[PDB]
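K.L.:
What follows is run-v8.pdb, PDB, C-alpha atoms (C1' of nucleotides) and all ligand atoms.
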ATOM      1  CA  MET A   1      81.286  41.319  66.172
ATOM      2  CA  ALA A   2      79.698  41.119  69.620
ATOM      3  CA  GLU A   3      75.901  41.052  69.582
ATOM      4  CA  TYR A   4      73.913  43.185  72.015
ATOM      5  CA  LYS A   5      70.755  41.046  71.430
ATOM      6  CA  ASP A   6      68.404  43.152  73.610
ATOM      7  CA  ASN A   7      64.778  42.288  72.804
ATOM      8  CA  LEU A   8      64.371  41.098  69.206
ATOM      9  CA  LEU A   9      60.899  39.764  70.027
ATOM     10  CA  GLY A  10      60.111  38.802  66.424
ATOM     11  CA  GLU A  11      58.202  35.630  65.526
ATOM     12  CA  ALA A  12      56.694  37.208  62.384
ATOM     13  CA  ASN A  13      58.705  35.217  59.741
ATOM     14  CA  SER A  14      58.812  38.687  58.456
ATOM     15  CA  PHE A  15      60.270  40.338  61.531
ATOM     16  CA  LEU A  16      62.962  37.472  61.114
ATOM     17  CA  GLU A  17      63.425  38.630  57.761
ATOM     18  CA  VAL A  18      63.509  42.265  59.002
ATOM     19  CA  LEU A  19      66.342  41.235  61.297
ATOM     20  CA  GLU A  20      68.007  39.429  58.403
ATOM     21  CA  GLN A  21      67.864  42.408  56.038
ATOM     22  CA  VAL A  22      69.341  44.883  58.525
ATOM     23  CA  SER A  23      72.074  42.429  59.510
ATOM     24  CA  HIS A  24      73.465  42.363  55.968
ATOM     25  CA  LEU A  25      73.666  46.173  55.934
ATOM     26  CA  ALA A  26      75.070  46.441  59.471
ATOM     27  CA  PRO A  27      78.691  46.134  58.237
ATOM     28  CA  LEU A  28      77.997  48.661  55.490
ATOM     29  CA  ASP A  29      78.973  52.305  55.999
ATOM     30  CA  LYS A  30      76.474  53.725  53.477
ATOM     31  CA  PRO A  31      73.562  56.106  54.339
ATOM     32  CA  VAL A  32      70.494  54.211  55.241
ATOM     33  CA  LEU A  33      67.160  54.653  55.883
ATOM     34  CA  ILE A  34      64.489  53.463  58.288
ATOM     35  CA  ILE A  35      60.758  53.920  57.584
ATOM     36  CA  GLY A  36      57.919  53.443  60.067
ATOM     37  CA  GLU A  37      54.294  54.387  60.772
ATOM     38  CA  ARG A  38      52.826  55.616  64.081
ATOM     39  CA  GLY A  39      53.482  52.277  65.854
ATOM     40  CA  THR A  40      56.599  50.686  64.336
ATOM     41  CA  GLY A  41      59.385  49.637  66.737
ATOM     42  CA  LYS A  42      62.053  51.524  64.802
ATOM     43  CA  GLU A  43      64.211  53.108  67.569
ATOM     44  CA  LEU A  44      65.682  49.709  68.457
ATOM     45  CA  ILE A  45      66.538  49.073  64.795
ATOM     46  CA  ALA A  46      68.702  52.191  64.456
ATOM     47  CA  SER A  47      70.694  50.780  67.382
ATOM     48  CA  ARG A  48      70.600  47.290  65.965
ATOM     49  CA  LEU A  49      72.517  48.544  62.751
ATOM     50  CA  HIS A  50      75.151  50.330  64.702
ATOM     51  CA  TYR A  51      75.257  47.640  67.434
ATOM     52  CA  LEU A  52      76.192  45.262  64.718
ATOM     53  CA  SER A  53      78.971  47.127  62.979
ATOM     54  CA  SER A  54      82.768  46.985  63.087
ATOM     55  CA  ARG A  55      82.779  50.550  64.330
ATOM     56  CA  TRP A  56      80.653  49.185  67.186
ATOM     57  CA  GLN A  57      83.535  50.858  69.010
ATOM     58  CA  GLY A  58      82.126  54.263  68.099
ATOM     59  CA  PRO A  59      80.041  56.704  70.066
ATOM     60  CA  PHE A  60      76.418  56.750  68.684
ATOM     61  CA  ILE A  61      75.180  60.143  69.270
ATOM     62  CA  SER A  62      71.752  60.606  67.662
ATOM     63  CA  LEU A  63      70.388  64.145  67.381
ATOM     64  CA  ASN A  64      66.713  65.074  67.286
ATOM     65  CA  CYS A  65      66.336  66.672  63.844
ATOM     66  CA  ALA A  66      63.223  68.774  64.596
ATOM     67  CA  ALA A  67      64.053  70.508  67.863
ATOM     68  CA  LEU A  68      67.315  72.329  66.962
ATOM     69  CA  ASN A  69      67.459  76.221  67.084
ATOM     70  CA  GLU A  70      67.028  77.845  63.718
ATOM     71  CA  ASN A  71      69.614  80.504  64.940
ATOM     72  CA  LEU A  72      72.122  78.206  66.609
ATOM     73  CA  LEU A  73      71.973  75.677  63.756
ATOM     74  CA  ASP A  74      75.367  76.736  62.428
ATOM     75  CA  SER A  75      76.933  76.452  65.877
ATOM     76  CA  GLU A  76      75.009  73.385  67.046
ATOM     77  CA  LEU A  77      75.874  71.447  63.902
ATOM     78  CA  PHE A  78      79.527  72.437  63.560
ATOM     79  CA  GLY A  79      80.621  74.068  66.813
ATOM     80  CA  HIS A  80      83.469  76.732  67.343
ATOM     81  CA  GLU A  81      86.939  75.680  68.563
ATOM     82  CA  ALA A  82      87.352  79.005  70.366
ATOM     83  CA  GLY A  83      84.819  77.789  72.898
ATOM     84  CA  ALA A  84      83.884  80.301  75.578
ATOM     85  CA  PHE A  85      85.280  82.364  78.462
ATOM     86  CA  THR A  86      88.203  83.994  76.574
ATOM     87  CA  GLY A  87      91.662  82.382  76.583
ATOM     88  CA  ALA A  88      89.816  79.404  78.037
ATOM     89  CA  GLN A  89      91.420  76.080  77.106
ATOM     90  CA  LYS A  90      88.068  74.289  76.975
ATOM     91  CA  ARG A  91      87.274  73.645  73.312
ATOM     92  CA  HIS A  92      83.764  73.634  71.790
ATOM     93  CA  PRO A  93      82.164  70.237  71.186
ATOM     94  CA  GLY A  94      80.231  70.105  67.912
ATOM     95  CA  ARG A  95      77.492  68.005  66.350
ATOM     96  CA  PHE A  96      79.026  66.158  63.399
ATOM     97  CA  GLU A  97      82.474  66.189  64.980
ATOM     98  CA  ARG A  98      81.208  64.353  68.047
ATOM     99  CA  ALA A  99      80.389  61.216  66.064
ATOM    100  CA  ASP A 100      83.585  60.225  64.279
ATOM    101  CA  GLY A 101      83.892  56.463  63.885
ATOM    102  CA  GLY A 102      80.325  55.934  65.092
ATOM    103  CA  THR A 103      76.871  55.943  63.541
ATOM    104  CA  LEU A 104      74.794  59.121  63.668
ATOM    105  CA  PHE A 105      71.055  58.935  64.141
ATOM    106  CA  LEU A 106      68.791  61.506  62.539
ATOM    107  CA  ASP A 107      65.129  61.408  63.522
ATOM    108  CA  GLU A 108      62.037  63.100  62.079
ATOM    109  CA  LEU A 109      63.937  63.798  58.873
ATOM    110  CA  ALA A 110      60.791  64.774  57.002
ATOM    111  CA  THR A 111      59.873  67.242  59.734
ATOM    112  CA  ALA A 112      63.379  68.655  59.755
ATOM    113  CA  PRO A 113      63.045  72.291  58.537
ATOM    114  CA  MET A 114      64.223  73.838  55.278
ATOM    115  CA  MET A 115      67.084  75.643  57.003
ATOM    116  CA  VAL A 116      68.216  72.308  58.447
ATOM    117  CA  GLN A 117      67.643  70.497  55.135
ATOM    118  CA  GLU A 118      69.802  72.930  53.166
ATOM    119  CA  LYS A 119      72.366  72.961  55.964
ATOM    120  CA  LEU A 120      72.628  69.093  55.906
ATOM    121  CA  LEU A 121      73.273  69.150  52.480
ATOM    122  CA  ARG A 122      76.879  69.952  51.539
ATOM    123  CA  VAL A 123      78.182  68.067  54.560
ATOM    124  CA  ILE A 124      76.799  64.630  53.702
ATOM    125  CA  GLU A 125      79.418  63.454  51.193
ATOM    126  CA  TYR A 126      82.041  66.211  51.338
ATOM    127  CA  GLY A 127      83.228  65.135  54.780
ATOM    128  CA  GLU A 128      84.554  68.564  55.710
ATOM    129  CA  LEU A 129      83.070  70.843  58.364
ATOM    130  CA  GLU A 130      84.603  74.081  59.609
ATOM    131  CA  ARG A 131      83.824  75.460  63.063
ATOM    132  CA  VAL A 132      82.894  79.122  63.136
ATOM    133  CA  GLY A 133      86.217  80.946  62.934
ATOM    134  CA  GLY A 134      89.515  79.850  61.408
ATOM    135  CA  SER A 135      90.478  78.793  57.890
ATOM    136  CA  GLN A 136      90.684  75.028  58.449
ATOM    137  CA  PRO A 137      87.956  72.373  57.877
ATOM    138  CA  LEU A 138      88.449  68.750  58.979
ATOM    139  CA  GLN A 139      87.062  65.583  57.336
ATOM    140  CA  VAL A 140      84.990  63.515  59.467
ATOM    141  CA  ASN A 141      84.257  59.626  58.859
ATOM    142  CA  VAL A 142      80.491  59.559  59.944
ATOM    143  CA  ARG A 143      77.716  56.809  58.893
ATOM    144  CA  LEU A 144      74.285  58.194  58.140
ATOM    145  CA  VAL A 145      71.194  56.296  59.229
ATOM    146  CA  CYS A 146      67.825  58.029  59.030
ATOM    147  CA  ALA A 147      64.561  57.022  60.673
ATOM    148  CA  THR A 148      61.316  58.487  59.335
ATOM    149  CA  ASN A 149      57.599  57.722  59.603
ATOM    150  CA  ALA A 150      56.496  60.330  57.055
ATOM    151  CA  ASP A 151      56.320  59.610  53.328
ATOM    152  CA  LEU A 152      59.271  61.235  51.549
ATOM    153  CA  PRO A 153      57.918  61.134  47.987
ATOM    154  CA  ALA A 154      54.827  63.145  48.899
ATOM    155  CA  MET A 155      57.036  65.713  50.610
ATOM    156  CA  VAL A 156      59.110  66.005  47.438
ATOM    157  CA  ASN A 157      56.073  66.779  45.278
ATOM    158  CA  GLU A 158      55.006  69.502  47.704
ATOM    159  CA  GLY A 159      58.493  71.005  47.686
ATOM    160  CA  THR A 160      58.442  71.326  51.469
ATOM    161  CA  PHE A 161      61.457  69.012  51.686
ATOM    162  CA  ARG A 162      64.355  69.231  49.238
ATOM    163  CA  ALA A 163      64.411  66.322  46.778
ATOM    164  CA  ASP A 164      68.194  66.120  46.406
ATOM    165  CA  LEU A 165      68.907  65.448  50.070
ATOM    166  CA  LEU A 166      66.502  62.520  50.093
ATOM    167  CA  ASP A 167      67.936  61.056  46.895
ATOM    168  CA  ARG A 168      71.557  61.260  48.041
ATOM    169  CA  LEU A 169      70.767  59.767  51.453
ATOM    170  CA  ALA A 170      70.365  55.978  51.883
ATOM    171  CA  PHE A 171      70.810  53.715  48.858
ATOM    172  CA  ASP A 172      68.757  51.075  50.668
ATOM    173  CA  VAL A 173      65.780  51.737  52.937
ATOM    174  CA  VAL A 174      64.749  49.135  55.485
ATOM    175  CA  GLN A 175      61.062  48.273  55.406
ATOM    176  CA  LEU A 176      59.163  47.818  58.645
ATOM    177  CA  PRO A 177      55.799  46.098  58.484
ATOM    178  CA  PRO A 178      52.680  47.297  60.682
ATOM    179  CA  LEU A 179      51.614  45.274  63.537
ATOM    180  CA  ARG A 180      48.206  44.483  62.151
ATOM    181  CA  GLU A 181      50.514  42.525  59.578
ATOM    182  CA  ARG A 182      52.792  40.670  61.969
ATOM    183  CA  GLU A 183      49.788  39.219  63.565
ATOM    184  CA  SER A 184      51.561  36.581  65.103
ATOM    185  CA  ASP A 185      53.878  37.819  67.779
ATOM    186  CA  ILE A 186      50.993  39.265  69.786
ATOM    187  CA  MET A 187      50.708  36.156  71.976
ATOM    188  CA  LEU A 188      54.328  36.584  72.642
ATOM    189  CA  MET A 189      54.720  40.497  72.622
ATOM    190  CA  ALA A 190      51.606  40.852  74.832
ATOM    191  CA  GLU A 191      52.901  38.421  77.461
ATOM    192  CA  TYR A 192      56.211  39.936  77.575
ATOM    193  CA  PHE A 193      55.045  43.322  78.209
ATOM    194  CA  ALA A 194      52.465  42.171  80.724
ATOM    195  CA  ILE A 195      55.272  40.267  82.587
ATOM    196  CA  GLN A 196      57.413  43.363  82.937
ATOM    197  CA  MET A 197      54.327  45.262  83.867
ATOM    198  CA  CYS A 198      53.528  43.107  86.868
ATOM    199  CA  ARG A 199      56.621  44.224  88.660
ATOM    200  CA  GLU A 200      56.209  47.982  87.705
ATOM    201  CA  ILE A 201      52.795  47.952  89.432
ATOM    202  CA  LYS A 202      53.990  45.496  92.088
ATOM    203  CA  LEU A 203      51.929  42.430  91.663
ATOM    204  CA  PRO A 204      53.436  38.908  92.065
ATOM    205  CA  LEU A 205      51.866  36.760  89.165
ATOM    206  CA  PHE A 206      49.876  36.714  86.012
ATOM    207  CA  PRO A 207      46.306  35.299  86.242
ATOM    208  CA  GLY A 208      46.192  34.088  82.647
ATOM    209  CA  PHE A 209      44.221  35.095  79.565
ATOM    210  CA  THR A 210      40.565  34.417  78.721
ATOM    211  CA  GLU A 211      39.861  33.148  75.161
ATOM    212  CA  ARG A 212      37.732  36.229  74.565
ATOM    213  CA  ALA A 213      40.714  38.381  75.498
ATOM    214  CA  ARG A 214      42.516  36.816  72.545
ATOM    215  CA  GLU A 215      39.494  37.175  70.264
ATOM    216  CA  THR A 216      39.568  40.823  70.846
ATOM    217  CA  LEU A 217      43.241  41.233  70.621
ATOM    218  CA  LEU A 218      43.684  39.395  67.499
ATOM    219  CA  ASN A 219      40.560  41.058  66.030
ATOM    220  CA  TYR A 220      41.330  44.763  65.456
ATOM    221  CA  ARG A 221      43.167  46.914  62.747
ATOM    222  CA  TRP A 222      45.390  48.603  65.452
ATOM    223  CA  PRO A 223      45.748  52.241  64.144
ATOM    224  CA  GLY A 224      49.109  53.435  65.469
ATOM    225  CA  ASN A 225      50.590  49.994  66.407
ATOM    226  CA  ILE A 226      53.158  48.102  68.637
ATOM    227  CA  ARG A 227      53.456  50.777  71.246
ATOM    228  CA  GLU A 228      49.776  50.419  70.933
ATOM    229  CA  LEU A 229      49.858  46.818  72.098
ATOM    230  CA  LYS A 230      51.827  47.798  75.156
ATOM    231  CA  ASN A 231      49.224  50.421  76.070
ATOM    232  CA  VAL A 232      46.260  48.128  75.426
ATOM    233  CA  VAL A 233      47.871  45.499  77.661
ATOM    234  CA  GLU A 234      49.705  47.678  80.291
ATOM    235  CA  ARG A 235      46.571  49.592  81.270
ATOM    236  CA  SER A 236      44.221  46.771  80.995
ATOM    237  CA  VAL A 237      46.611  44.833  83.463
ATOM    238  CA  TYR A 238      47.170  47.507  86.042
ATOM    239  CA  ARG A 239      43.484  48.142  85.597
ATOM    240  CA  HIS A 240      42.440  44.729  86.691
ATOM    241  CA  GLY A 241      44.788  45.065  89.791
ATOM    242  CA  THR A 242      44.951  41.588  91.075
ATOM    243  CA  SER A 243      46.226  37.898  91.011
ATOM    244  CA  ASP A 244      43.354  35.663  92.109
ATOM    245  CA  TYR A 245      41.105  35.368  88.896
ATOM    246  CA  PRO A 246      42.614  35.529  85.240
ATOM    247  CA  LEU A 247      42.580  38.688  83.102
ATOM    248  CA  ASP A 248      39.066  38.895  81.490
ATOM    249  CA  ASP A 249      38.697  42.394  80.038
ATOM    250  CA  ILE A 250      40.709  44.662  77.751
ATOM    251  CA  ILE A 251      39.772  48.167  76.580
ATOM    252  CA  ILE A 252      41.005  49.361  73.181
ATOM    253  CA  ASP A 253      40.481  53.100  73.814
ATOM    254  CA  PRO A 254      40.112  54.891  77.232
ATOM    255  CA  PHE A 255      38.095  57.487  75.511
ATOM    256  CA  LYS A 256      34.927  55.997  75.101
ATOM    257  CA  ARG A 257      32.844  57.446  78.259
ATOM    258  CA  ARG A 258      30.331  54.673  79.209
TER
ATOM    259  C1'  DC B   1      96.486  44.684 102.781
ATOM    260  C1'  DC B   2      95.510  46.635  98.129
ATOM    261  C1'  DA B   3      92.368  48.840  94.741
ATOM    262  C1'  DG B   4      88.045  51.832  93.809
ATOM    263  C1'  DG B   5      85.163  55.864  94.673
ATOM    264  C1'  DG B   6      84.127  60.508  96.664
ATOM    265  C1'  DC B   7      85.116  65.132  97.649
ATOM    266  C1'  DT B   8      87.548  69.300  98.641
ATOM    267  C1'  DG B   9      90.392  72.402  97.233
ATOM    268  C1'  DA B  10      93.936  74.084  94.188
ATOM    269  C1'  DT B  11      94.413  76.277  89.342
ATOM    270  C1'  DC B  12      93.561  79.264  85.215
ATOM    271  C1'  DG B  13      92.007  83.098  83.785
ATOM    272  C1'  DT B  14      94.680  91.067  81.433
ATOM    273  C1'  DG B  15      89.723  91.481  77.628
ATOM    274  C1'  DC B  16      84.608  93.068  75.028
ATOM    275  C1'  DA B  17      81.704  96.652  74.658
ATOM    276  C1'  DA B  18      79.089 100.876  75.852
ATOM    277  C1'  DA B  19      79.130 105.727  76.475
ATOM    278  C1'  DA B  20      81.812 109.926  77.002
ATOM    279  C1'  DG B  21      85.246 112.624  74.727
ATOM    280  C1'  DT B  22      88.038 114.696  71.189
ATOM    281  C1'  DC B  23      88.837 115.811  66.271
ATOM    282  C1'  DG B  24      88.744 118.402  62.173
ATOM    283  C1'  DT B  25      86.365 121.426  59.367
ATOM    284  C1'  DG B  26      82.464 124.298  58.025
ATOM    285  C1'  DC B  27      78.958 128.355  59.061
ATOM    286  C1'  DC B  28      78.190 132.854  60.678
ATOM    287  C1'  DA B  29      78.870 137.181  63.389
ATOM    288  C1'  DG B  30      81.550 141.093  64.722
ATOM    289  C1'  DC B  31      85.732 144.129  64.370
ATOM    290  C1'  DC B  32      89.026 146.754  61.630
ATOM    291  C1'  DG B  33      91.963 148.290  57.196
ATOM    292  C1'  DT B  34      91.368 150.707  52.965
ATOM    293  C1'  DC B  35      89.400 153.007  48.643
ATOM    294  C1'  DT B  36      86.083 156.041  46.864
TER
HETATM  295  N1  LIG C   1      60.856  44.156  68.548
HETATM  296  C1  LIG C   1      60.592  44.797  69.712
HETATM  297  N2  LIG C   1      61.085  44.344  70.886
HETATM  298  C2  LIG C   1      60.829  44.971  72.050
HETATM  299  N3  LIG C   1      60.077  46.081  72.150
HETATM  300  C3  LIG C   1      59.520  46.644  71.053
HETATM  301  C4  LIG C   1      59.752  46.018  69.742
HETATM  302  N4  LIG C   1      59.095  46.767  68.836
HETATM  303  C5  LIG C   1      58.496  47.784  69.506
HETATM  304  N5  LIG C   1      58.747  47.710  70.827
HETATM  305  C6  LIG C   1      58.253  48.655  71.858
HETATM  306  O1  LIG C   1      57.496  49.695  71.232
HETATM  307  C7  LIG C   1      58.162  50.957  71.313
HETATM  308  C8  LIG C   1      58.511  51.441  69.912
HETATM  309  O2  LIG C   1      58.699  52.854  69.929
HETATM  310  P1  LIG C   1      59.590  53.571  68.796
HETATM  311  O3  LIG C   1      60.229  52.498  67.948
HETATM  312  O4  LIG C   1      60.452  54.616  69.464
HETATM  313  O5  LIG C   1      58.483  54.326  67.904
HETATM  314  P2  LIG C   1      58.920  55.168  66.604
HETATM  315  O6  LIG C   1      59.894  54.259  65.893
HETATM  316  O7  LIG C   1      57.623  55.395  65.863
HETATM  317  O8  LIG C   1      59.540  56.422  67.173
HETATM  318  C9  LIG C   1      59.413  50.770  72.159
HETATM  319  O9  LIG C   1      59.377  51.656  73.286
HETATM  320  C10 LIG C   1      59.436  49.301  72.562
HETATM  321  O10 LIG C   1      59.312  49.114  73.978
END
Could you express the structure from this file as structure tokens?
P.N.:
Amino acid sequence: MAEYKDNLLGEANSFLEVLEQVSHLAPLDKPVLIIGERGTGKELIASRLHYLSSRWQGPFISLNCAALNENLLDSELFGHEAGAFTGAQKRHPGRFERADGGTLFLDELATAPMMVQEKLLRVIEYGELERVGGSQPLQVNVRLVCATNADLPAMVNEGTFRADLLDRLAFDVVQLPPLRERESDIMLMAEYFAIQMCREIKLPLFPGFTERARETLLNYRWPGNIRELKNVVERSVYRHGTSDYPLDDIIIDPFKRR
DNA sequence: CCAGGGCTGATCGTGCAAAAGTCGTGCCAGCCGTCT
């Protein structure tokens, strides 16, 4: 029941809500999903579901479902008790076996390949996985949480991603709102970042913010968000490179040439 | 004076696979027994 807390940083009255919705499902062991756009602050949330569960005792391995080897998929996922180096006592590890009693994080689910998608399937609800070799398969108790920024329904129409896997996985999908829509925690997010930032670049103390600064930073549709705010602020700050006069200028894109 | 961290050394490991070798049986050439 212990709470990690970390950096909730939400003053949205909709991030509050976001925290509230996930909290109810934290105890739950059902498959879940997390959906975010290019700038959504979702990695913390996957941890905030498992951080808040009874099985908070469990290990929280989270694989990157996009980078696995096509060829080693069978081995990587399951693993083979015989290990290596002959009569060696060292046993093979495994993917799904190394997450019993703890939440498993799957990322880039939409991007995950057809071989991976078919391979998932059949292990999601059955609970039995058999390592290459042998005649015995052992049930694992593993909690599926999936984070994706891509739109699943469109993928289903295309046929690129199997429809059944998506349907079976996550009864409830958490909704994350874009930053242009928070619109409120920027005064707060922006300072927090900048405050960190001052010690990473080794300044003492923030100068302060011009009103204009805040006219620009409110006023913009912020394409691929949050992370975006950090970048707009972190650069702009190191840019300025001092602590006499307050911060006066922020650049949205360091592309434009001048 | 007692507990925590580092580091060295002590310990466990008789097989998998690649190429050379043998195996059995067939194909064909050359000698020899016998009838016409
Ligand atoms: N509520 C928050 N509190 C603190 N930091 C946040 C929050 N939301 C976003 N961030 C910052 O923005 C980044 C979000 O990246 P991430 O969630 O990994 O993107 P994605 O979910 O698209 O992979 C993090 O590195 C984090 O520092």
K.L.:
How would you write, as a PyMOL selection string, the set of residues no farther than 9 Å from ligand LIG 1 (chain C) when counting all atoms listed in the file?
P.N.:
chain A and resi 6-10+15+34-45+107-108+147-149+189+192-193+224-230
K.L.:
Pull C-alpha atoms from the residues just selected and write them as a short mmCIF file (atom, residue, chain, number, x, y, z; two decimals), in the coordinates of the input.
P.N.:
data_model
loop_
_atom_site.label_atom_id
_atom_site.label_comp_id
_atom_site.auth_asym_id
_atom_site.auth_seq_id
_atom_site.Cartn_x
_atom_site.Cartn_y
_atom_site.Cartn_z
CA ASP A 6 68.40 43.15 73.61
CA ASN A 7 64.78 42.29 72.80
CA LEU A 8 64.37 41.10 69.21
CA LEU A 9 60.90 39.76 70.03
CA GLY A 10 60.11 38.80 66.42
CA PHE A 15 60.27 40.34 61.53
CA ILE A 34 64.49 53.46 58.29
CA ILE A 35 60.76 53.92 57.58
CA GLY A 36 57.92 53.44 60.07
CA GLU A 37 54.29 54.39 60.77
CA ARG A 38 52.83 55.62 64.08
CA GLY A 39 53.48 52.28 65.85
CA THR A 40 56.60 50.69 64.34
CA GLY A 41 59.38 49.64 66.74
CA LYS A 42 62.05 51.52 64.80
CA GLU A 43 64.21 53.11 67.57
CA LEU A 44 65.68 49.71 68.46
CA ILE A 45 66.54 49.07 64.80
CA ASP A 107 65.13 61.41 63.52
CA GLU A 108 62.04 63.10 62.08
CA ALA A 147 64.56 57.02 60.67
CA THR A 148 61.32 58.49 59.34
CA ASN A 149 57.60 57.72 59.60
CA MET A 189 54.72 40.50 72.62
CA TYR A 192 56.21 39.94 77.58
CA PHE A 193 55.04 43.32 78.21
CA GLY A 224 49.11 53.44 65.47
CA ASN A 225 50.59 49.99 66.41
CA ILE A 226 53.16 48.10 68.64
CA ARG A 227 53.46 50.78 71.25
CA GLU A 228 49.78 50.42 70.93
CA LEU A 229 49.86 46.82 72.10
CA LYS A 230 51.83 47.80 75.16
#
K.L.:
Name the residues that the PyMOL selection byres (((chain A and resi 168-170) around 8) and not hetatm) pulls out of this structure, and write them as a list in words.
P.N.:
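After applying the PyMOL selection byres (((chain A and resi 168-170) around 8) and not hetatm), what remains is residues 30, 31, 32, 33, 144, 145, 146, 164, 165, 166, 167, 171, 172 and 173 of chain A.
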K.L.:
Give me, as number ranges by chain, the contact residues of chain B against chain A at a cut-off of 12 Å, counting all atoms listed in the file.
P.N.:
B: 12-16
K.L.:
Work out how far apart CA of residue 258 in chain A and CA of residue 216 in chain A are and give it in Å to one decimal.
P.N.:
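Answer for the CA of residue 258 in chain A to CA of residue 216 in chain A separation: 18.6 Å.
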K.L.:
One number please: CA of residue 254 in chain A to CA of residue 220 in chain A, in Å, one decimal.
P.N.:
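Spanning CA of residue 254 in chain A to CA of residue 220 in chain A is a straight-line distance of 15.6 Å.
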K.L.:
What does the PyMOL selection byres (((chain A and resi 197-202) around 10) and not hetatm) select in this file, as a PDB file with C-alpha atoms, keeping the file's coordinate frame?
P.N.:
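What landed in result.pdb:
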ATOM      1  CA  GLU A 191      52.901  38.421  77.461  1.00  0.00           C
ATOM      2  CA  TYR A 192      56.211  39.936  77.575  1.00  0.00           C
ATOM      3  CA  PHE A 193      55.045  43.322  78.209  1.00  0.00           C
ATOM      4  CA  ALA A 194      52.465  42.171  80.724  1.00  0.00           C
ATOM      5  CA  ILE A 195      55.272  40.267  82.587  1.00  0.00           C
ATOM      6  CA  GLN A 196      57.413  43.363  82.937  1.00  0.00           C
ATOM      7  CA  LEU A 203      51.929  42.430  91.663  1.00  0.00           C
ATOM      8  CA  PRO A 204      53.436  38.908  92.065  1.00  0.00           C
ATOM      9  CA  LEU A 205      51.866  36.760  89.165  1.00  0.00           C
ATOM     10  CA  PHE A 206      49.876  36.714  86.012  1.00  0.00           C
ATOM     11  CA  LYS A 230      51.827  47.798  75.156  1.00  0.00           C
ATOM     12  CA  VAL A 233      47.871  45.499  77.661  1.00  0.00           C
ATOM     13  CA  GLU A 234      49.705  47.678  80.291  1.00  0.00           C
ATOM     14  CA  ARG A 235      46.571  49.592  81.270  1.00  0.00           C
ATOM     15  CA  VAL A 237      46.611  44.833  83.463  1.00  0.00           C
ATOM     16  CA  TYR A 238      47.170  47.507  86.042  1.00  0.00           C
ATOM     17  CA  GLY A 241      44.788  45.065  89.791  1.00  0.00           C
ATOM     18  CA  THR A 242      44.951  41.588  91.075  1.00  0.00           C
ATOM     19  CA  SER A 243      46.226  37.898  91.011  1.00  0.00           C
TER      20      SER A 243
END
K.L.:
Taking into account only C-alpha atoms, which residue in the set A:95, A:214, A:50, A:162 is nearest to residue 187 in chain A?
P.N.:
A:214
K.L.:
Could you jot down the CA of residue 101 in chain A to CA of residue 133 in chain A separation for me, Å, one decimal place?
P.N.:
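About the pair CA of residue 101 in chain A and CA of residue 133 in chain A: they are 24.6 Å apart.
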